[PDB]
């Protein structure tokens, strides 16, 4: 007699997937859910991009030679590199990583002079470590010496209001001379205070001179400190030596994203989730490439692969 059968398709090569109940049940078709594929370039299309290279990010505020291009840089995507250095004369920032975190989402920096001027001291402190056309210094900073060797250093106060609408990034420095013999040659005898007060901020600094490991010919050190000066607020610097004074305040431009990387930029390909190995273009909800990846990203998971079935059971 005549019959009609009901059926469903199938194939020879089913893809194996996992279910609540079974490991490795075959289905007709399945798609990958975990991204493994990475582009080994920073996909920068659509975005102003500053590749700091030699220049440390914190260096853009203080202005060692490496960072002269960038003293007023403007960007959407900021790329720091492993070779990048924030200094010429050995030293570090206090609270460095916070400040980095700020500058990375800052849009870039716009500089303004704080208008200090000086009587009865020298202003042209320089060193063979920060060299441009030979011995020089941090661009945005003034190395205040005493007026002549061993000479006394006039106790001074200097101030700066932030008349703008946004806060002002203020930076200054302490000089830790390689011996007491050096501390005096530069700022004279006596012990030395540097006192910084806004209204919402007070703190103090004593120079610790002494032998240290020689770094780029230098045995001395610059501690760099900072603060956010508030609209209409004033910062005041009371000091009698060992003070690396700011010339210019910095202001944040807008919004940006910073990343750390070891691959080329590419302005042709567009992207939005970056990591050190490159950029991750993908619509998959998860990725297994790098847990520290940043931007707008797939959630990082432990697993190479989680296949999601997009077809029925295979029964062949």
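Residue numbers count along the first chain shown, from 1.
Participant: Tell me which stretch, 153-161 or 99-107, has the higher mean Cα B-factor listed in the entry.
Facilitator: Looking at the record's C-alpha B-factors, the answer is 153-161.
Participant: Mean CA temperature factor from the deposited coordinates, higher in 10-18 or in 297-305?
Facilitator: Result: 10-18.
Participant: Based on what the PDB entry reports, which of 269, 259, 30, 252 has the top C-alpha B-factor?
Facilitator: Of 269, 259, 30, 252, 269 has the highest C-alpha B-factor.
Participant: Please say which third, lowest, middle or highest, residue 224 falls into when its CA temperature factor is compared across its chain.
Facilitator: Answer is middle: the recorded C-alpha B-factor places it there.
Participant: Lowest, middle or highest third of the chain for the C-alpha temperature factor of residue 215?
Facilitator: Its C-alpha B-factor, which the entry lists for residue 215, ranks in the highest third among residues of this chain.
Participant: Is residue 137 in the lowest, middle or highest third of its chain when residues are ranked by C-alpha B-factor?
Facilitator: Its C-alpha B-factor belongs to the middle third of this chain's values.
Participant: Residue 209's Cα B-factor: lowest, middle or highest third of the chain?
Facilitator: Answer is middle: the recorded C-alpha B-factor places it there.
Participant: Lowest, middle or highest third of the chain for the C-alpha temperature factor of residue 196?
Facilitator: CA B-factor rank for residue 196: highest third.
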